[PDB]
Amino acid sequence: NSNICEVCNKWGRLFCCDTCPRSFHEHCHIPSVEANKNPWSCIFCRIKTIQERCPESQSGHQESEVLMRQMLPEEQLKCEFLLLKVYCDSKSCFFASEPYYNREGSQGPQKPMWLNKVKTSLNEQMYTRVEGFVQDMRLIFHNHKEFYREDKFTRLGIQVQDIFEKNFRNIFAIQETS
């Protein structure tokens, strides 16, 4: 097993996957690492199994169809994984916790959003469709773009949104386009 957390790349109190060499801090894994269960399989392994059980799940999909899916167990898992993929980028630190807004010449967003709030929402099963989760994710970056205007700090929102969107297309097998 790896000697660092797959998500935050630090050592500490780690839980090891039994089916692959990844390791996790308790609350870096999503969902939080389960109390018992021997053997234990991580989210990367659980996502791989879905694909292996239904190879055709990797054929291309339209985003509009994906968004309307109900949050059944397999779509819940895919959203948890997509969330985890964003936390895997160190630039996710800027979007993790509750923001505040007091900048000359800007007003804060009408509906603030941050990664830990989406994490809790997923944990508490507050999304009924994929669209709910993806809307809150995109809102994080859109709020940041609007607030920071022409400050070059806006680019952090662009950068982390690109990680989100690449992973969204991969995890949900969105049809490749030009």
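Position 1 is the first residue in the sequence shown; the rest follow in order.
In this entry, 21-29 has the higher mean Cα B-factor, the comparison being between 156-164 and 21-29. Higher average CA B factor: 45-53, of the stretches 136-144 and 45-53.
Going by the entry's values, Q107 shows the largest Cα B-factor out of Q107, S97, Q76, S92. Remark: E65 belongs to the middle third of its chain, ranked by C-alpha B-factor as recorded.
Among all modelled residues in this chain, the alpha-carbon of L122 has a temperature factor (C-alpha) in the middle third.
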